[PDB]
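**Student:** Provided herewith: upload.cif, mmCIF, C-alpha atoms.
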data_query
loop_
_atom_site.group_PDB
_atom_site.id
_atom_site.type_symbol
_atom_site.label_atom_id
_atom_site.label_comp_id
_atom_site.auth_asym_id
_atom_site.auth_seq_id
_atom_site.Cartn_x
_atom_site.Cartn_y
_atom_site.Cartn_z
ATOM 1 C CA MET C 1 -64.087 -63.420 48.881
ATOM 2 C CA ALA C 2 -61.820 -63.293 45.830
ATOM 3 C CA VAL C 3 -58.944 -61.329 47.359
ATOM 4 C CA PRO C 4 -56.473 -62.168 44.562
ATOM 5 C CA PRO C 5 -56.972 -61.337 40.859
ATOM 6 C CA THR C 6 -59.258 -63.531 38.756
ATOM 7 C CA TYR C 7 -58.590 -62.007 35.337
ATOM 8 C CA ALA C 8 -55.020 -63.317 35.357
ATOM 9 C CA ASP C 9 -56.078 -66.600 36.958
ATOM 10 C CA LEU C 10 -58.077 -67.402 33.822
ATOM 11 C CA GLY C 11 -54.820 -68.674 32.354
ATOM 12 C CA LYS C 12 -51.146 -68.944 33.270
ATOM 13 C CA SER C 13 -48.083 -71.037 32.427
ATOM 14 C CA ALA C 14 -46.486 -73.451 34.895
ATOM 15 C CA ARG C 15 -42.997 -73.672 33.399
ATOM 16 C CA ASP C 16 -42.612 -77.325 34.384
ATOM 17 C CA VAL C 17 -39.205 -78.353 33.040
ATOM 18 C CA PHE C 18 -38.451 -82.014 32.342
ATOM 19 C CA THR C 19 -36.788 -83.491 35.428
ATOM 20 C CA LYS C 20 -35.855 -86.954 36.694
ATOM 21 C CA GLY C 21 -35.869 -88.504 40.154
ATOM 22 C CA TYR C 22 -36.821 -91.457 42.341
ATOM 23 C CA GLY C 23 -38.769 -91.976 45.553
ATOM 24 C CA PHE C 24 -42.022 -90.763 47.088
ATOM 25 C CA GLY C 25 -42.914 -88.365 49.887
ATOM 26 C CA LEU C 26 -41.272 -85.003 49.237
ATOM 27 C CA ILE C 27 -40.731 -82.353 51.910
ATOM 28 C CA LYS C 28 -40.497 -78.632 51.161
ATOM 29 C CA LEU C 29 -39.932 -75.556 53.328
ATOM 30 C CA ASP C 30 -40.203 -71.853 52.505
ATOM 31 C CA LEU C 31 -39.033 -69.002 54.736
ATOM 32 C CA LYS C 32 -38.991 -65.221 54.321
ATOM 33 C CA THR C 33 -36.339 -62.838 55.647
ATOM 34 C CA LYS C 34 -35.867 -59.065 55.732
ATOM 35 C CA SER C 35 -32.733 -56.928 55.435
ATOM 36 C CA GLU C 36 -31.705 -53.282 55.764
ATOM 37 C CA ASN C 37 -33.502 -50.924 53.379
ATOM 38 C CA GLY C 38 -36.325 -53.456 53.333
ATOM 39 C CA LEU C 39 -35.046 -56.404 51.310
ATOM 40 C CA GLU C 40 -36.877 -59.550 50.206
ATOM 41 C CA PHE C 41 -35.212 -62.833 51.165
ATOM 42 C CA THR C 42 -36.651 -66.188 50.098
ATOM 43 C CA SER C 43 -35.231 -69.502 51.310
ATOM 44 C CA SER C 44 -36.417 -72.817 49.873
ATOM 45 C CA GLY C 45 -35.482 -76.240 51.211
ATOM 46 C CA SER C 46 -36.343 -79.627 49.728
ATOM 47 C CA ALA C 47 -35.622 -83.046 51.227
ATOM 48 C CA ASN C 48 -36.606 -86.653 50.528
ATOM 49 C CA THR C 49 -37.463 -89.314 53.108
ATOM 50 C CA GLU C 50 -36.281 -92.493 51.389
ATOM 51 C CA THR C 51 -33.915 -91.004 48.809
ATOM 52 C CA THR C 52 -30.758 -89.341 50.124
ATOM 53 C CA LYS C 53 -30.723 -86.015 48.280
ATOM 54 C CA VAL C 54 -31.367 -82.602 49.832
ATOM 55 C CA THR C 55 -31.302 -79.227 48.082
ATOM 56 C CA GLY C 56 -31.552 -75.624 49.233
ATOM 57 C CA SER C 57 -32.239 -72.511 47.170
ATOM 58 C CA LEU C 58 -31.942 -68.845 48.143
ATOM 59 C CA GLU C 59 -33.248 -65.558 46.743
ATOM 60 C CA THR C 60 -32.219 -61.996 47.595
ATOM 61 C CA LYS C 61 -34.109 -58.906 46.438
ATOM 62 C CA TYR C 62 -32.454 -55.504 46.838
ATOM 63 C CA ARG C 63 -34.978 -52.661 46.714
ATOM 64 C CA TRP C 64 -35.668 -49.280 48.314
ATOM 65 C CA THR C 65 -38.993 -47.716 47.331
ATOM 66 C CA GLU C 66 -41.772 -47.793 44.736
ATOM 67 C CA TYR C 67 -40.421 -45.324 42.176
ATOM 68 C CA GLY C 68 -37.097 -46.890 41.244
ATOM 69 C CA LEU C 69 -35.371 -50.165 40.401
ATOM 70 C CA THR C 70 -34.881 -53.378 42.376
ATOM 71 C CA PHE C 71 -32.016 -55.825 41.851
ATOM 72 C CA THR C 72 -32.817 -59.403 42.866
ATOM 73 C CA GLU C 73 -29.993 -61.940 42.640
ATOM 74 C CA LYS C 74 -29.048 -65.222 44.313
ATOM 75 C CA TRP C 75 -28.894 -68.966 43.660
ATOM 76 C CA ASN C 76 -31.719 -71.115 42.293
ATOM 77 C CA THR C 77 -32.226 -74.885 42.243
ATOM 78 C CA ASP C 78 -30.254 -76.997 39.770
ATOM 79 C CA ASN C 79 -27.244 -74.854 40.678
ATOM 80 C CA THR C 80 -28.435 -71.883 38.623
ATOM 81 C CA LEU C 81 -27.509 -68.214 39.000
ATOM 82 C CA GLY C 82 -30.479 -65.914 39.520
ATOM 83 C CA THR C 83 -30.320 -62.276 38.452
ATOM 84 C CA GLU C 84 -33.335 -60.087 37.685
ATOM 85 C CA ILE C 85 -34.136 -56.371 37.787
ATOM 86 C CA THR C 86 -37.547 -54.712 38.054
ATOM 87 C CA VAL C 87 -38.267 -50.979 38.147
ATOM 88 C CA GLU C 88 -41.566 -49.152 38.641
ATOM 89 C CA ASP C 89 -42.576 -45.543 37.997
ATOM 90 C CA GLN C 90 -44.684 -43.392 40.320
ATOM 91 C CA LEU C 91 -45.573 -40.234 38.395
ATOM 92 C CA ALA C 92 -48.374 -41.326 36.067
ATOM 93 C CA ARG C 93 -48.065 -44.997 37.013
ATOM 94 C CA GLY C 94 -49.288 -47.591 34.532
ATOM 95 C CA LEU C 95 -46.161 -49.322 33.251
ATOM 96 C CA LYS C 96 -43.717 -51.751 34.861
ATOM 97 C CA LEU C 97 -40.261 -52.793 33.657
ATOM 98 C CA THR C 98 -38.962 -56.256 34.541
ATOM 99 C CA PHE C 99 -35.874 -58.158 33.392
ATOM 100 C CA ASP C 100 -35.254 -61.798 34.299
ATOM 101 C CA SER C 101 -31.732 -63.135 33.772
ATOM 102 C CA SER C 102 -30.479 -66.611 34.677
ATOM 103 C CA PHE C 103 -27.158 -68.374 34.107
ATOM 104 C CA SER C 104 -26.573 -72.109 34.537
ATOM 105 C CA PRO C 105 -22.823 -72.864 34.624
ATOM 106 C CA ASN C 106 -23.326 -76.505 35.606
ATOM 107 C CA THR C 107 -23.749 -77.930 32.105
ATOM 108 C CA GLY C 108 -26.253 -75.192 31.325
ATOM 109 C CA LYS C 109 -26.629 -71.923 29.432
ATOM 110 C CA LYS C 110 -27.608 -68.266 29.803
ATOM 111 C CA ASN C 111 -31.261 -67.257 29.475
ATOM 112 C CA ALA C 112 -32.449 -63.655 29.192
ATOM 113 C CA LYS C 113 -36.144 -62.754 29.174
ATOM 114 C CA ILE C 114 -37.707 -59.311 29.584
ATOM 115 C CA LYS C 115 -41.233 -58.647 30.843
ATOM 116 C CA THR C 116 -43.328 -55.471 30.842
ATOM 117 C CA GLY C 117 -46.657 -54.830 32.538
ATOM 118 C CA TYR C 118 -49.064 -52.155 31.328
ATOM 119 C CA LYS C 119 -52.285 -51.266 33.146
ATOM 120 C CA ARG C 120 -55.073 -49.482 31.272
ATOM 121 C CA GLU C 121 -58.598 -48.287 32.062
ATOM 122 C CA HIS C 122 -59.831 -51.886 32.125
ATOM 123 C CA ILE C 123 -57.195 -53.835 30.196
ATOM 124 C CA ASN C 124 -53.702 -55.111 30.994
ATOM 125 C CA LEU C 125 -51.026 -55.659 28.347
ATOM 126 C CA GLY C 126 -48.010 -57.854 29.024
ATOM 127 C CA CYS C 127 -45.017 -57.567 26.707
ATOM 128 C CA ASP C 128 -42.538 -60.440 26.983
ATOM 129 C CA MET C 129 -39.438 -60.951 24.839
ATOM 130 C CA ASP C 130 -36.741 -63.625 25.059
ATOM 131 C CA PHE C 131 -33.301 -62.313 24.105
ATOM 132 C CA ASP C 132 -29.937 -64.090 24.152
ATOM 133 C CA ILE C 133 -31.361 -67.612 23.976
ATOM 134 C CA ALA C 134 -30.651 -68.753 20.419
ATOM 135 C CA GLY C 135 -33.517 -66.909 18.758
ATOM 136 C CA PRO C 136 -35.259 -63.635 19.675
ATOM 137 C CA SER C 137 -38.876 -64.343 20.616
ATOM 138 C CA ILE C 138 -41.628 -61.791 21.226
ATOM 139 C CA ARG C 139 -44.872 -62.804 22.933
ATOM 140 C CA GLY C 140 -47.760 -60.694 24.195
ATOM 141 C CA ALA C 141 -50.269 -61.583 26.900
ATOM 142 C CA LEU C 142 -53.387 -59.426 27.223
ATOM 143 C CA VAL C 143 -55.689 -59.898 30.214
ATOM 144 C CA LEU C 144 -58.893 -58.090 31.177
ATOM 145 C CA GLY C 145 -60.893 -58.042 34.398
ATOM 146 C CA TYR C 146 -64.445 -56.740 34.706
ATOM 147 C CA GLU C 147 -67.042 -56.879 37.481
ATOM 148 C CA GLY C 148 -68.607 -60.239 36.684
ATOM 149 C CA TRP C 149 -66.731 -60.708 33.416
ATOM 150 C CA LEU C 150 -63.224 -62.076 32.870
ATOM 151 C CA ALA C 151 -61.081 -62.228 29.731
ATOM 152 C CA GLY C 152 -57.560 -63.398 28.953
ATOM 153 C CA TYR C 153 -55.534 -64.022 25.805
ATOM 154 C CA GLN C 154 -51.896 -64.947 25.190
ATOM 155 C CA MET C 155 -50.004 -65.031 21.891
ATOM 156 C CA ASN C 156 -46.388 -65.678 20.898
ATOM 157 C CA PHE C 157 -44.764 -64.195 17.795
ATOM 158 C CA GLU C 158 -41.342 -65.122 16.416
ATOM 159 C CA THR C 159 -39.284 -62.550 14.514
ATOM 160 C CA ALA C 160 -36.507 -65.009 13.678
ATOM 161 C CA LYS C 161 -38.875 -67.798 12.642
ATOM 162 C CA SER C 162 -41.677 -65.533 11.422
ATOM 163 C CA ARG C 163 -44.540 -67.728 12.626
ATOM 164 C CA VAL C 164 -46.782 -67.697 15.700
ATOM 165 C CA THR C 165 -46.271 -70.970 17.569
ATOM 166 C CA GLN C 166 -49.565 -71.178 19.457
ATOM 167 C CA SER C 167 -52.164 -68.887 21.029
ATOM 168 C CA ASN C 168 -54.107 -69.512 24.239
ATOM 169 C CA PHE C 169 -57.602 -68.085 24.715
ATOM 170 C CA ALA C 170 -59.554 -67.780 27.965
ATOM 171 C CA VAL C 171 -62.983 -66.302 28.692
ATOM 172 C CA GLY C 172 -65.402 -66.634 31.591
ATOM 173 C CA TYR C 173 -67.591 -64.905 34.165
ATOM 174 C CA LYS C 174 -68.082 -65.052 37.934
ATOM 175 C CA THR C 175 -71.663 -65.289 39.193
ATOM 176 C CA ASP C 176 -73.056 -65.078 42.726
ATOM 177 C CA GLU C 177 -74.142 -68.692 42.252
ATOM 178 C CA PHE C 178 -71.872 -70.576 39.848
ATOM 179 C CA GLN C 179 -68.617 -69.687 38.095
ATOM 180 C CA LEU C 180 -68.055 -70.078 34.352
ATOM 181 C CA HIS C 181 -64.546 -70.520 32.953
ATOM 182 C CA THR C 182 -63.805 -71.219 29.288
ATOM 183 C CA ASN C 183 -60.366 -71.989 27.858
ATOM 184 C CA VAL C 184 -59.356 -73.086 24.358
ATOM 185 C CA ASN C 185 -56.013 -73.712 22.657
ATOM 186 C CA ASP C 186 -55.126 -72.715 19.095
ATOM 187 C CA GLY C 187 -54.343 -76.407 18.735
ATOM 188 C CA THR C 188 -58.017 -77.311 18.434
ATOM 189 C CA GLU C 189 -58.195 -77.970 22.175
ATOM 190 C CA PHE C 190 -61.462 -77.097 23.919
ATOM 191 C CA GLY C 191 -61.488 -76.837 27.701
ATOM 192 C CA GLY C 192 -64.458 -76.146 29.942
ATOM 193 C CA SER C 193 -64.472 -75.371 33.658
ATOM 194 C CA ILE C 194 -67.300 -74.587 36.077
ATOM 195 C CA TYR C 195 -67.533 -74.048 39.834
ATOM 196 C CA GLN C 196 -70.601 -74.912 41.909
ATOM 197 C CA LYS C 197 -71.144 -74.645 45.664
ATOM 198 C CA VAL C 198 -73.026 -77.528 47.281
ATOM 199 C CA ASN C 199 -73.688 -76.317 50.824
ATOM 200 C CA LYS C 200 -72.261 -74.036 53.513
ATOM 201 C CA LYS C 201 -68.547 -74.600 54.113
ATOM 202 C CA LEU C 202 -68.609 -76.835 51.035
ATOM 203 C CA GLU C 203 -67.895 -76.254 47.345
ATOM 204 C CA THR C 204 -67.369 -78.458 44.290
ATOM 205 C CA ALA C 205 -65.935 -77.992 40.798
ATOM 206 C CA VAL C 206 -66.175 -79.688 37.402
ATOM 207 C CA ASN C 207 -63.632 -79.719 34.574
ATOM 208 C CA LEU C 208 -63.824 -81.164 31.060
ATOM 209 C CA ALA C 209 -61.083 -81.559 28.453
ATOM 210 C CA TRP C 210 -61.762 -81.890 24.725
ATOM 211 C CA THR C 211 -59.250 -82.437 21.923
ATOM 212 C CA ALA C 212 -60.303 -82.112 18.284
ATOM 213 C CA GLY C 213 -59.189 -85.444 16.858
ATOM 214 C CA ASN C 214 -60.967 -88.200 18.771
ATOM 215 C CA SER C 215 -64.202 -88.982 20.614
ATOM 216 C CA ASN C 216 -62.353 -89.245 23.928
ATOM 217 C CA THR C 217 -63.184 -86.693 26.623
ATOM 218 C CA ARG C 218 -61.173 -86.008 29.777
ATOM 219 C CA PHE C 219 -63.620 -85.363 32.618
ATOM 220 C CA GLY C 220 -62.569 -84.266 36.092
ATOM 221 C CA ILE C 221 -64.193 -83.476 39.429
ATOM 222 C CA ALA C 222 -62.794 -81.144 42.088
ATOM 223 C CA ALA C 223 -63.742 -81.201 45.770
ATOM 224 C CA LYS C 224 -63.157 -78.216 48.053
ATOM 225 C CA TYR C 225 -64.106 -78.370 51.733
ATOM 226 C CA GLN C 226 -63.611 -75.136 53.671
ATOM 227 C CA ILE C 227 -65.099 -75.225 57.170
ATOM 228 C CA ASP C 228 -62.693 -72.657 58.613
ATOM 229 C CA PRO C 229 -59.703 -70.441 57.724
ATOM 230 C CA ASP C 230 -57.587 -72.644 59.988
ATOM 231 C CA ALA C 231 -57.916 -75.648 57.680
ATOM 232 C CA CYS C 232 -58.690 -75.939 53.967
ATOM 233 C CA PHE C 233 -59.350 -79.141 52.022
ATOM 234 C CA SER C 234 -58.678 -79.055 48.279
ATOM 235 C CA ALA C 235 -58.653 -82.258 46.228
ATOM 236 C CA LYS C 236 -58.741 -82.908 42.482
ATOM 237 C CA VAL C 237 -59.681 -86.068 40.584
ATOM 238 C CA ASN C 238 -59.900 -86.941 36.888
ATOM 239 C CA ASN C 239 -61.740 -89.569 34.846
ATOM 240 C CA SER C 240 -59.785 -92.461 36.360
ATOM 241 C CA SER C 241 -56.707 -90.735 34.939
ATOM 242 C CA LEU C 242 -55.366 -89.155 38.129
ATOM 243 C CA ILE C 243 -56.604 -88.853 41.712
ATOM 244 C CA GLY C 244 -55.033 -86.233 43.958
ATOM 245 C CA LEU C 245 -55.981 -84.718 47.307
ATOM 246 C CA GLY C 246 -54.355 -81.890 49.240
ATOM 247 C CA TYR C 247 -55.199 -80.378 52.618
ATOM 248 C CA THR C 248 -53.593 -77.648 54.722
ATOM 249 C CA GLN C 249 -53.934 -76.903 58.436
ATOM 250 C CA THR C 250 -52.542 -74.319 60.854
ATOM 251 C CA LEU C 251 -51.942 -75.100 64.528
ATOM 252 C CA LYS C 252 -52.980 -72.710 67.299
ATOM 253 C CA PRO C 253 -49.769 -70.635 67.109
ATOM 254 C CA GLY C 254 -48.120 -69.286 63.972
ATOM 255 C CA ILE C 255 -47.433 -72.754 62.593
ATOM 256 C CA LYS C 256 -49.048 -73.487 59.229
ATOM 257 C CA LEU C 257 -48.356 -76.651 57.233
ATOM 258 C CA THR C 258 -49.734 -78.078 53.987
ATOM 259 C CA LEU C 259 -49.791 -81.794 53.180
ATOM 260 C CA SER C 260 -51.145 -83.510 50.066
ATOM 261 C CA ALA C 261 -51.095 -86.917 48.378
ATOM 262 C CA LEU C 262 -51.060 -88.132 44.773
ATOM 263 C CA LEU C 263 -52.695 -91.372 43.633
ATOM 264 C CA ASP C 264 -52.126 -92.673 40.104
ATOM 265 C CA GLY C 265 -55.159 -94.566 38.841
ATOM 266 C CA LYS C 266 -56.028 -95.151 42.490
ATOM 267 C CA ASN C 267 -53.994 -98.347 42.142
ATOM 268 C CA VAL C 268 -50.614 -97.177 43.436
ATOM 269 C CA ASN C 269 -51.645 -98.171 46.959
ATOM 270 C CA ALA C 270 -49.956 -101.495 46.207
ATOM 271 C CA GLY C 271 -46.684 -99.645 46.706
ATOM 272 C CA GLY C 272 -46.094 -96.532 44.637
ATOM 273 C CA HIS C 273 -48.125 -93.639 46.024
ATOM 274 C CA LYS C 274 -46.874 -90.047 46.001
ATOM 275 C CA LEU C 275 -46.997 -87.382 48.714
ATOM 276 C CA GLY C 276 -46.110 -83.705 48.974
ATOM 277 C CA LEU C 277 -45.565 -81.641 52.114
ATOM 278 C CA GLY C 278 -44.822 -77.931 52.342
ATOM 279 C CA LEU C 279 -44.194 -75.853 55.458
ATOM 280 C CA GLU C 280 -44.182 -72.051 55.563
ATOM 281 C CA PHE C 281 -42.805 -70.096 58.522
ATOM 282 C CA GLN C 282 -43.010 -66.345 59.112
ATOM 283 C CA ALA C 283 -40.238 -64.517 60.967
ATOM 284 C CA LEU C 284 -41.997 -62.290 63.500
ATOM 285 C CA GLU C 285 -39.243 -60.037 64.844
#
Write the structure described by the file as C-alpha cells, please.

**Tutor:**
Amino acid sequence: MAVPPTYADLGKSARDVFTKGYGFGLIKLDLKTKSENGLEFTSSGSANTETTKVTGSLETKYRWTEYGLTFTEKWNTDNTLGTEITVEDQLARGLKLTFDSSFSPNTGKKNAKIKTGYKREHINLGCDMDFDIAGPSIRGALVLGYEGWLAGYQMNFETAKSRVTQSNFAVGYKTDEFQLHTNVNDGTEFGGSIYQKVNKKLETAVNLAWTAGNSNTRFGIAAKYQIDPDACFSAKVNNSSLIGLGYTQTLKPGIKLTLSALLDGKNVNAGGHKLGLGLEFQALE
C-alpha cells in the first residue's frame, strides 16, 4: 500500500550541489539517537574503500511537544553549520512555520531560507523565501492529493530580478491497475512516467523524456522485484544512457542494509564501475 504521500511525490527537488571526488564503492551509515525531552539525533558517516577520506556529520533537534517551536542545530558535511527552527500550532492547526539557516565558514557563506506549510480542505500551499543570500527570492509550491487523482505545481518568483525563472508542472492519477504520472517543465520539457505490474511479487515501470528542440527521446525502463518485506529489489535503466541497480535486504535480527551498483553505458566493467552501500541501525533501548 502507498503508506507515504503521493501528491508530493509527483515532483520534488534533489538539491544536488556540484562536488568533486575520486574512487568507486562508497559506504554510508545512518543512526538515530534520542535525548531528554525527546530530542532527534541524526548521525551520518561516509567512508571510501580505495580513497583515504572519511567524513562524519551530526544533527541535533531540540523539541518538546507539538504546539511550540523546535530548534535543530549541529554540523553538516562540508564543514557547514546547521541551524534551523520549526514551530507548529495546535489550536486550529493548518499552518507550519519552518526556518532553515546554514553557515559555511570554511570558504563558504551564510544561507537563510524560510519555508511554510499550509494544509487546506484538499490543497497544500508551500511558501518558500530565500533571504540573506544576495537576492531575496520568493517561490511557491502548491500540491494537491485526491483519491485516485494527484496534482503538483511549483513556481519561483523573484522580487529583486522581477522575473519567474522556471515553473515545474506535475499531474497524474493512481489506478488499481496502472499508474499515470505526467511531468513537464516550463522549459519546453515533456516527461512521461507510467507504472505497470507484471505478476505477483513483481512490478515494472516505464519512463520517457522529451525535450522540445530535437527528435531525440530519452527512454528508460525500471524493474522492481518485491517478493517479501525482508528484501526489495529496485533497479533503473535508461536508453543505453545509464544502467543502475539497487537492492536492500534485512537479516533475521534488526540488521538492515542496502547495497546498489551503478553502471555507465554498461561498459565500465572494464574497470570503472560505481557502487553505493548504506546501513541503517536503530537504537532499541

**Student:** So, counting only C-alpha atoms, which residue among C:57, C:269, C:179, C:13 is closest to residue 41 of chain C?

**Tutor:**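 Once distances to residue 41 of chain C are computed over only C-alpha atoms, the minimum belongs to C:57.
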
**Student:** Can you turn the PyMOL selection byres ((chain C and resi 58) around 12) into a concrete residue list for this file, as a PyMOL selection string?

**Tutor:** chain C and resi 29-33+40-46+55-57+59-61+72-83

**Student:** Pick out the residues sitting within 10 Å of segment 165-175 of chain C, and hand them over as a tab-separated table (two decimals) with C-alpha atoms, in the coordinates of the input; count all atoms listed in the file, and ignore anything fewer than 4 positions along from it in its own chain.

**Tutor:**
chain	number	residue	atom	x	y	z
C	6	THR	CA	-59.26	-63.53	38.76
C	7	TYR	CA	-58.59	-62.01	35.34
C	8	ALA	CA	-55.02	-63.32	35.36
C	9	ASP	CA	-56.08	-66.60	36.96
C	10	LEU	CA	-58.08	-67.40	33.82
C	11	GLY	CA	-54.82	-68.67	32.35
C	12	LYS	CA	-51.15	-68.94	33.27
C	139	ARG	CA	-44.87	-62.80	22.93
C	140	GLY	CA	-47.76	-60.69	24.20
C	141	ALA	CA	-50.27	-61.58	26.90
C	142	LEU	CA	-53.39	-59.43	27.22
C	143	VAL	CA	-55.69	-59.90	30.21
C	144	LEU	CA	-58.89	-58.09	31.18
C	145	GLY	CA	-60.89	-58.04	34.40
C	146	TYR	CA	-64.44	-56.74	34.71
C	147	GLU	CA	-67.04	-56.88	37.48
C	148	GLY	CA	-68.61	-60.24	36.68
C	149	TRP	CA	-66.73	-60.71	33.42
C	150	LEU	CA	-63.22	-62.08	32.87
C	151	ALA	CA	-61.08	-62.23	29.73
C	152	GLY	CA	-57.56	-63.40	28.95
C	153	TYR	CA	-55.53	-64.02	25.80
C	154	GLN	CA	-51.90	-64.95	25.19
C	155	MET	CA	-50.00	-65.03	21.89
C	156	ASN	CA	-46.39	-65.68	20.90
C	157	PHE	CA	-44.76	-64.19	17.80
C	158	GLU	CA	-41.34	-65.12	16.42
C	161	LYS	CA	-38.88	-67.80	12.64
C	179	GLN	CA	-68.62	-69.69	38.10
C	180	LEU	CA	-68.06	-70.08	34.35
C	181	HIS	CA	-64.55	-70.52	32.95
C	182	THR	CA	-63.80	-71.22	29.29
C	183	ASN	CA	-60.37	-71.99	27.86
C	184	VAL	CA	-59.36	-73.09	24.36
C	185	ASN	CA	-56.01	-73.71	22.66
C	186	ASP	CA	-55.13	-72.72	19.10
C	187	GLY	CA	-54.34	-76.41	18.74
C	189	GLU	CA	-58.20	-77.97	22.18
C	190	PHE	CA	-61.46	-77.10	23.92
C	191	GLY	CA	-61.49	-76.84	27.70
C	192	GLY	CA	-64.46	-76.15	29.94
C	193	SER	CA	-64.47	-75.37	33.66
C	194	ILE	CA	-67.30	-74.59	36.08
C	195	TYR	CA	-67.53	-74.05	39.83

**Student:** Can you list, as a VMD selection string, the residues that the PyMOL selection byres ((chain C and resi 95) around 7) selects here?

**Tutor:** chain C and resid 93 to 94 96 to 97 117 to 119

**Student:** Mind giving me the straight-line distance from atom CA of residue 241 of chain C to atom CA of residue 265 of chain C in Å, one decimal?

**Tutor:** 5.7 Å

**Student:** For residue 234 of chain C, which residue among C:218, C:257, C:200, C:205 is the nearest when counting all atoms listed in the file?

**Tutor:**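 Under the stated criterion, the closest residue is C:205.
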
**Student:** Using the chain letters and numbers from this file, what does the PyMOL selection byres ((chain C and resi 250) around 12) select? Give the answer as a list in words.

**Tutor:**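 That expression, the PyMOL selection byres ((chain C and resi 250) around 12), corresponds here to residues 228, 229, 230, 231, 232, 247, 248, 249, 251, 252, 253, 254, 255, 256, 257, 258, 259, 279, 280 and 281 of chain C.
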
**Student:** Which residue is closest to residue 70 of chain C? Choose from C:24, C:225, C:99, C:18 and count only C-alpha atoms.

**Tutor:** C:99

**Student:** What's around residue 134 of chain C at 12 Å? Count all atoms listed in the file, leave out sequence neighbours fewer than 2 positions away in its own chain, and write the answer as number ranges by chain.

**Tutor:** C: 109-113, 130-132, 136-137, 158, 160-161
